[PDB]
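Sequence below, structure please.
(6 chains, ligands or ions: 11)
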Amino acid sequence: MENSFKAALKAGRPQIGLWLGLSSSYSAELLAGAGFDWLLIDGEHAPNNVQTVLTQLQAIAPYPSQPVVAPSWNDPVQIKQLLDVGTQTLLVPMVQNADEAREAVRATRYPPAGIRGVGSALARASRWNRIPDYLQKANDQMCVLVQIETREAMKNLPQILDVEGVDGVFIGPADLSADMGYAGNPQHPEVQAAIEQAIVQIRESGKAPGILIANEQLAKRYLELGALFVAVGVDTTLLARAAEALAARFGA
Amino acid sequence: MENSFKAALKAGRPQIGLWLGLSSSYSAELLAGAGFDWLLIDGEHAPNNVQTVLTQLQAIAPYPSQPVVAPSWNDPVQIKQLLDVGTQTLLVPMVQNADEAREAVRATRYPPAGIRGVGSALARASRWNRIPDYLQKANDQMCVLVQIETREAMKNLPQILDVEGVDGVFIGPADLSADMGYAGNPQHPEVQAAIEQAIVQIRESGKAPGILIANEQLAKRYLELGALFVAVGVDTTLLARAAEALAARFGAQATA
Amino acid sequence: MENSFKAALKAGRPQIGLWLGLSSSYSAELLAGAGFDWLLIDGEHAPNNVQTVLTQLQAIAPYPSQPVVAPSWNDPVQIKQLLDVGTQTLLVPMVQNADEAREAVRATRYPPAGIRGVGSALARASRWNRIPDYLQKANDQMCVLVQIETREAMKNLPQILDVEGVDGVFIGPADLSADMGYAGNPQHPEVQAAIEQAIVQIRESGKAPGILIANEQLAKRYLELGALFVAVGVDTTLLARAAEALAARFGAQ
Amino acid sequence: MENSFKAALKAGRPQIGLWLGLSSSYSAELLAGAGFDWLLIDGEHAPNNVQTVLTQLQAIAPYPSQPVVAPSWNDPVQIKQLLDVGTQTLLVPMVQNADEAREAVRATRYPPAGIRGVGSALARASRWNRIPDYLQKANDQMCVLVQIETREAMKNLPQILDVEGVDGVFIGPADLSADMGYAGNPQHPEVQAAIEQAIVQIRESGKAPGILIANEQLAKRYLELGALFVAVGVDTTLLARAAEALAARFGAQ
Amino acid sequence: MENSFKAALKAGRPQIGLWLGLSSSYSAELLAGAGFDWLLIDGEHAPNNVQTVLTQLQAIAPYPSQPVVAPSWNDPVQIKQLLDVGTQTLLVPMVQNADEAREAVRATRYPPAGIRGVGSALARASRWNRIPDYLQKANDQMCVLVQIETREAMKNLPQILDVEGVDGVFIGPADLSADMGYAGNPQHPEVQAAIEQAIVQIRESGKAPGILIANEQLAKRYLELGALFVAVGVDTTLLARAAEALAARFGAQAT
Amino acid sequence: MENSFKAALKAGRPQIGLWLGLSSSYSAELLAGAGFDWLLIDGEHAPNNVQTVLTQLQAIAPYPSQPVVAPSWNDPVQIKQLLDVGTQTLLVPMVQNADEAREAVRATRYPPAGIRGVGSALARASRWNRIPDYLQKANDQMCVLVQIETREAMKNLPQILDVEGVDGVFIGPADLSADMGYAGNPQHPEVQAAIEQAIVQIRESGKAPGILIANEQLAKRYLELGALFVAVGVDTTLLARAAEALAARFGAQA
Ligand SMILES: [Ca+2]
Ligand SMILES: [Ca+2]
Ligand SMILES: [Ca+2]
Ligand SMILES: [Ca+2]
Ligand SMILES: [Ca+2]
Ligand SMILES: [Co+2]
Ligand SMILES: [Co+2]
Ligand SMILES: [Co+2]
Ligand SMILES: [Co+2]
Ligand SMILES: [Co+2]
Ligand SMILES: [Co+2]
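Numbering: from 1, shown residues only, chains lettered A, B, ... in the order given. Ligands and ions are numbered 1, 2, ... in the order given. The structure is reproduced below:
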């Protein structure tokens, strides 16, 4: 049950990812064979739930690409449910301060380190108790990534980076650009300045920076600045744009 | 992406609705062709979730009937999710005061006007970013309808009616009659007085009054008093009652 | 595991039914409480499969109303599958002659009386072998109903009524009226003559006549002539027409 | 509408249960015929939601075994939704004190007794308004069981037992053992001591004690100590362990 | 209930299509807004059934793109079922001769023209009997497209082209190339020759030629030769190829 | 994409299986970790279809246990569909003679060897065209097992064994006992005699015998006789019987 994504990040190995919003275990398997280091199953902005996360985890399982899951909110209940179907790496939206970051971490750990609910007998996570000593091994293989997505989050970043158990800090540019007054224009220089400053600040604390960006040149820039988990595209967009451009080339 | 239901309410055009509790994209399509101005996908009291709301929206889409969604609660996370699958008109249950009404409005609006989370590449709402100016146009096409459903809510109605972004106020007679101590009996005179008083107060404010009522004579009365979005039946009831009546017209059979 | 629909046909007690085409286990439950003697899960003209039939059977189970299933065709493999999920009364479409009726019967019976495939350990039908002597009891609780739906079938009614194991013969007025040249108009005198003649003919053989008809006055006539399983409405129609009438009472009118 | 699990509880009848985590209406039906007094549909630790709870309730309905549902948390909204699809017995997780217990009770009762939202017309719970007088009878048929799963809850037990409407108090050994420093080892003597003490307090207060324990010898011990709703197995475990043993018997030794 | 795809083929307006194998009503909607003239819901080689076809038809409905459905075989029962959920254009696989083509036609028509079973009260196709005189109007709005996919079928093309109610003839290049001994790869001179001669012959008969090909240069060539329904890509391929190229630009490789 | 089950049978290595009729990708995963050599997804007597077969194959994929699928009938179209979602080993019910065996084989092979329809671009089987030279390599990794389940099939067994592409012959005791006149009692000596004779006959032709039997003593005997793919239990039975026995230990009375 070693979490290989977590190990790679701790080792400073950059991981290239794809964001999955098609909410299908079928297209998930198709994309699991595409060569990405990680895949993000989006429970916040795509029509996923615990049940569809489960089937996408099952589809992805035999492939080299590692799954990461975003809950719809920093909710300990939903987090519990996602961990039990086998989620080991979690990308938590809208973490605004160190207290919220701490609660995200505590939501993933069994007592006394946290408040994760115990139900190993019926969890896929323990393979229904086939994994020996699962309850003693689980906490150390959880990888908690928190999203900073507002000015308020930026103010609290130094404190957030001091929270033990926060393995990575992810910058959400859509939300950040909107909160900064540039909605839909994360490429704006003021937003970019905040993003670059944050990436360096995160890496400088010895934690892993991450980000999603559709511009491949920006993605390379962030990697140069020390980003360690970079999502470089989104499935819905890849499909829609490729389809539209094809139709257009035939005058449809 | 302009919200035609919102525009109709703003113009003062009465809209006749059916409540959908069958939680099926199939029956949703069947009912979408029946001639209603609006259909309510009930996420509060029917076994719906974000995924089933999506398929019902897809089913209804080619028809003129406009979808409205009731979330299970005034919860910004659920509202975010419903909006991203394409919900533009929301009927929020159990809005008790103007602070709650304001929170419902803010949940539907992107910053700085609200706290709606941004995920347009993934959203049916933006047609997966096919709408270039989606983020700039979205707020103005959201239609927030708040349900007042308790004695407490009725006391707060004047302040609720001043909340910018509340486009309509809907009276929920089942919850209201129960809160008033008349469960299952909205026909009661004290309940009817609170309802009529509320419709008139809403009307005078310039916002749209709405209500659900299965009694067609009451429905007509409410429309006469100025109600602008009136749901006049429920799919489960229509089906059950028509089926029960039909079986009964044949009754028990003689053994021969 | 007694087939009470079958027993009622044998008692001579007419059974009033509703046709289910909403293809939902939720609306199936709602309608199971509506007071019908039987409910037809339509696998031919509604978007059902073996899986949705199963969930509809589960939904209906605690209610008095008895389920009947129409497969999409007289196909022994599909029939095998529907029986294993627990179907005991079948309404087979487009049965054109005695050969086809015999094949429908044999599809429902274990050897040597037929060719039903054996898989009781897996089957809801046996409650996963919880029911003792299931394999020895099952054949006799099957109720085979065959639809006659064309001029050819009507012509061949006498041979069909001689088939052992055919418990009832059901007239399908939509397909019949179309085949007769009156599509959409089963109320045509020529179609009604064929229907009434058939009902009497079936009644006389000792087998049960059945029919689906949305006109209530016609239904009462068919009952008067001896019909024993009469479906008197369709869920999709009841809902659609009720919704439409309601909207209209508030529209232009 | 009569809640027979609640009735049994009030009569002091010990009820033997099976925990369901397979999240399937198909295996639910198979297990509903197995002879258990009750079945726990786990909304907290199995991949269930309101919709799958509904289908499992429909599957279980015609059997004697009574359903109990664990919501994922003490959340009035989820509780409202679970009640409307027909849940009458709730096993609420992580109830830490008396205030939380009272809020669980209030979430199940209509005004003016509580805050349960009213939507009887489209609820399976009322059979779509086919149950009279549903709204007047519903509150009394709700059965609220609260789970005590931490040292804090154990400390607060005396006060929790004083909450009207709490019909039963359930000890969660997995969560309790972890909270006490023995994760994966509820067998441990000190955990056992805490469990046995709680059962006594509960029984002596006049409320029903409950527990889940897969070790049958410990189950029988808890029953002897006065526990009244005891879940003695988990479907996933029964299936996994049985399959593993079968495979191993055909492998080396 | 007017079948506009049929009307386009009859008018000689070339229709550009995309093949749908993702078997999802969600991606079907996303693709329905991409600007194609038609979309093929593949019930033969993708994990679809009558129920999933229905949901895809519903997702596609409000968009201009017209749905076409390939059943898994020329089976009148499956055809009956597909039609009742609202399919009006069928792409029937492995039609080998004129008799089989005629049987495909008859499966889509009510008596006396065919053997389609009558179930209009519960069919989406009639909008649950809201379309007045549906039973009298339905036949003329059915569009039957037959796939020729073997050397035998190619030999029988002249006779297949003489079958009334066959509105179009589609060449299946993967199956045809396999039958010709090229193991599913149609990019050989002799396969191309067979395809091109067939397109010309179909068009000269006054029927619509169709084809699926992922190579855009070949698609353009087939349009130049008179093909009227050309599918120019497959959803699974577009997605897989787009994703793999993207990973490869960051060094991430699956090859 | 090598079929390891097929290779095992060829090598004469016995494979222990579990029959899956719970029709769930969730329980399929749970049972995939249980230690079996193979798992039978039953499309004939459990409520499965191509779509549910697909999700069970996906669930099973990262485990050692190899999937086998039983179609509902020897139907080329259904076989085509099952193969495209990734099925490589088929257990075909009610194969009665050599013509039927030969047609099962042809249904699994691309031309010229068979009539399997070509749709590689959208098949999980080819992993959407990532498996190089899939169409050229697919035929040799297909494993065709035919079920003999009637007296007629028994009579025709020698010719069935003489059809190339038939990799294994499976005896279906429930159907066979019924056709023989002992419905529900496979244990009857006359059925057992037929079964044992068939097993030796299959082994002697060089091909792999298989059977399903829930009685573990009988299973061991069939293995001793040279059966090479033996299913020793059924998921639904395992679960129902274990649950019932548990309830009964606490007082449950029928
Ligand atoms: Ca510090
Ligand atoms: Ca514009
Ligand atoms: Ca009756
Ligand atoms: Ca000609
Ligand atoms: Ca070879
Ligand atoms: Co964000
Ligand atoms: Co209300
Ligand atoms: Co008919
Ligand atoms: Co617990
Ligand atoms: Co082809
Ligand atoms: Co068999």
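
Can the helix or strand where residue A:242 lies be said to contact chain E?
For residue A:242, the host element (DSSP states H and E) is helix A:235-249. Yes. Using Cβ under 8 Å from any Cβ of the partner chain, helix A:235-249 comes into contact with chain E via A:235-236, A:238-244, A:246-249. For every residue, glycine as well, the C-beta is placed using N, CA and C.

Next, the angle from that helix to strand E:229-234.
Between the axes of helix A:235-249 and strand E:229-234, defined by axes from the mean of the first three to the mean of the last three Cα atoms, to 10 degrees, the angle is 150 degrees.

separation between whichever residue of the stretch 151-252 of chain A sits closest to chain C and residue A:31?
Scanning the stretch 151-252 of chain A for the residue nearest chain C gives residue A:239, at 26.9 Å (criterion: Cβ to the nearest Cβ). Note on residue A:239: its distance to residue A:31, by Cβ to Cβ, to the nearest Å, is 10 Å.

Could you give the number of residues near the closest residue to residue A:146 other than its chain neighbours?
Once flanking residues are discounted, residue A:146 sits nearest to residue A:95: 4.0 Å by Cβ to Cβ, 6 or more residues apart in numbering or on different chains. By other Cβ atoms under 10 Å in any protein chain shown, 28 other residues sit near residue A:95.

who touches whichever residue of the stretch 1-150 of chain A sits closest to ligand 11 in this structure?
Of all residues in the stretch 1-150 of chain A, residue A:58 sits closest to ligand 11, at 29.6 Å by Cβ to the ion. Counting by Cβ atoms under 8 Å, 6 or more residues apart in numbering or on different chains, residue A:58 touches A:25, F:25, F:29, F:55, F:58, F:59.

Return the member of the residues you listed nearest to chain B.
residue A:25 (13.6 Å).

Now that that closest one has come up, it's in contact with residue A:59, right?
Yes. Using Cβ atoms under 8 Å, residue A:25 is in contact with residue A:59, at 4.3 Å.

who has more neighbours, those two?
A count of neighbours by other Cβ under 10 Å puts residue A:59 above the other of residue A:25 and residue A:59, at 26 against 22.

phi, psi of the more buried one?
Main-chain dihedrals, residue A:59, degrees, to the nearest 10: phi -70, psi -40.

Check the one 10 residues further on too.
Per-residue torsions, residue A:69: phi -120, psi 130 (degrees, to the nearest 10).

For it, name its beta-bridge partners.
Taking DSSP bridges as the rule, residue A:69 bridges to residue A:41, residue A:90.

That one reaches residue A:81, doesn't it?
No. Judged on Cβ under 8 Å, residue A:69 makes no contact with residue A:81 at a distance of 10.7 Å.

any idea how far residue A:97 is from ligand 7?
Counting by Cβ to the ion, to the nearest Å, the gap between residue A:97 and ligand 7 amounts to 36 Å.

burial of the closest residue to that residue other than its chain neighbours, as a residue count?
In space, and not counting its chain neighbours, residue A:97 is closest to residue A:156: 4.3 Å by Cβ to Cβ, 6+ apart. Residues contacting residue A:156 under the criterion other Cβ under 10 Å number 19.

what's the answer for the one 4 residues further on, then?
Residue A:160 has 25 neighbours, counted by other Cβ under 10 Å.

pretty sure it is touching residue A:102, no?
No. Applying Cβ under 8 Å as the test, residue A:160 and residue A:102 come out as separate, 9.1 Å apart.

rewinding a little: secondary structure class for the residue nearest to residue A:146?
Three-state call for residue A:95 (DSSP: H, G, I helix; E, B strand; the rest coil): coil.

who touches it in this structure?
Under the criterion of Cβ under 8 Å, 6+ apart, the neighbours of residue A:95 are A:74, A:101, A:104, A:146, A:147, A:148, A:153, A:160.

Would you report which members of these are assigned to strands?
Those of the contacts of residue A:95 mapping onto strands are A:146, A:147, A:148, per DSSP state E.

Including neighbour count, could the residues you listed go into a markdown table?
Below are the ones in strands among the contacts of residue A:95 laid out as a markdown table (neighbours: other Cβ atoms under 10 Å in any protein chain shown):
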| residue | neighbour count |
| --- | --- |
| A:146 | 31 |
| A:147 | 26 |
| A:148 | 29 |
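
Ramachandran angles for residue A:79?
Dihedral pair for residue A:79: phi -60, psi -50, per degrees, to the nearest 10.

I'd guessed it sits against residue A:91; true?
No. Counting by Cβ under 8 Å, residue A:91 is not a contact partner of residue A:79; they are 11.2 Å apart.
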